[PDB]
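This document starts with one chain, in the form deposited in one PDB entry, laid out as structure tokens.
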């Protein structure tokens, strides 16, 4: 009797949820009774990268936080990661359709929840490396959870960063300068990405206001292989994403502390929580 062991014969595919770094996530129904009363689960499998999937399963299995998507089990030399299903999807799907319901106060409550989940990850000595609104799952109108731990790496004890080797598919427009220049990942690099995720959240993930769309306006969209170097050059000059429309300056200042060039000059997740909470009450 293993509640974390899912039999393949009972896992019925419903549809695709997402595709990414050599993996795919699908909506399935675990139906051991065969009457469609079974629980719906998000199933991550591979499209050799079994080693990365296995490390991701080991990371998520030992993470327990209300703002972190829940591990449910595995389906087994192939393996599948079984997670809880959040029907609202991510901030990217949810925010454009719920602008009327999600006011400034609620956006700040989501930012606090994202910081809490991230601070918990950082206390376990992990760097997420893919913090974006597309990876923030919606449990309800009052709660969000960090999903997709596909790029998550451990920082060694008595070390401040993780050195990245495979960087071909890096979300460069969400990355801190030390990540773009030296392929070094600090907890402070996740703080930088949080500032960008906060920007998306305040713009309700509008495609025309996206960090990529906005940065490509600043540096040019026709530079190809020279994009990253032009982006690094722009950041070095002190240029950042502009204040979102209807965003109060006090929220903008918190965001800009995420974007200090030097990692050691950046705000912490705990300072962000304090800052947002002072604005809330």
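Numbering follows the first chain given and starts at 1. Definition used throughout: the rigid core is the maximal C-alpha set that superposes within 1.5 Å between two forms.
Trainee: Does the comparison with other PDB entries of this protein show residue 67 lacking coordinates in a third or more of them, where both adjacent residues are built?
Mentor: Across the other compared entries, residue 67 is absent from none.
Trainee: Does a third or more of the other compared entries skip modelling residue 48?
Mentor: Residue 48: unmodelled in a third or more of the comparison entries.
Trainee: Indicate whether the chain is continuous between residue 47 and residue 48 or, if not, how many deposited residues are absent from the coordinates: none, 1 to 3, 4 to 9, or 10 or more.
Mentor: Missing in between: 4 to 9 residues.
Trainee: Can you tell me how many deposited residues have no coordinates between residue 123 and residue 124? The categories are none, 1 to 3, 4 to 9, and 10 or more.
Mentor: The entry has no unmodelled residues between residue 123 and residue 124.
Trainee: If you average the CA temperature factors as listed in the entry, which stretch comes out higher, 212-220 or 60-68?
Mentor: Stretch with the higher mean C-alpha B-factor: 212-220.
Trainee: Going by the B-factors listed in the PDB entry, is the mean over the C-alpha atoms higher for 248-256 or for 233-241?
Mentor: In the deposited entry, the stretch with the higher C-alpha B-factor mean is 233-241.
Trainee: Considering only 170, 88, 106, 98, which residue's Cα atom bears the greatest B-factor as recorded?
Mentor: Top of the list by C-alpha B-factor: 170.
Trainee: Which one, 102, 202, 82, 164, has the peak C-alpha temperature factor per the PDB entry?
Mentor: The listed residue with the largest C-alpha B-factor is 164.
Trainee: Can you tell me whether residue 141 has a C-alpha B-factor in the lowest, middle or highest third compared with the other modelled residues of the same chain?
Mentor: Residue 141: CA B-factor falls in the middle third of its chain.
Trainee: Which third of the chain holds residue 135 when residues are ordered by C-alpha B factor: lowest, middle or highest?
Mentor: For residue 135, the deposited C-alpha B-factor lands in the lowest third.
Trainee: Of the three thirds of its chain by CA temperature factor, lowest, middle or highest, which one includes residue 154?
Mentor: CA B-factor rank for residue 154: middle third.
Trainee: How does the C-alpha B factor of residue 181 compare with the rest of the chain: lowest, middle or highest third?
Mentor: It falls in the top third of the chain.
Trainee: Taking the C-alpha B-factors as the PDB entry records them, is residue 197 in the lowest, middle or highest third of its chain?
Mentor: Lowest third - that is where residue 197 ends up once the chain's C-alpha B-factors are sorted.
The same protein also has a form deposited in another entry, omitted here; what follows describes it.
Trainee: Tell me, with the core superposed, which single residue in 167, 93, 141, 84 has its C-alpha moved by at least 2 Å between this form and the one not shown.
Mentor: One residue passes the 2 Å cut-off, namely 167.
Trainee: Once everything's superposed on the core, is residue 223 shifted 2 Å or more at the Cα between this form and the one not shown?
Mentor: Superposed on the core, residue 223 moves its C-alpha 2 Å or more between this form and the one not shown.
Trainee: Answer yes if the CA of residue 257 moves 2 Å or more between this form and the one not shown after aligning the rigid core, and no otherwise.
Mentor: No, because once the rigid core is superposed, the C-alpha of residue 257 moves less than 2 Å between this form and the one not shown.
Trainee: So the Cα-Cα distance between residue 98 and residue 20 shifts by 3 Å or more in that other deposited form; is it shorter or longer than what we see here?
Mentor: So the answer is closer.
Trainee: Over in the other structure, so in that other deposited form, do residue 22 and residue 93 pull closer or drift farther apart at the C-alpha level? The difference is 3 angstroms or more.
Mentor: Relative to this form, closer in that other deposited form.
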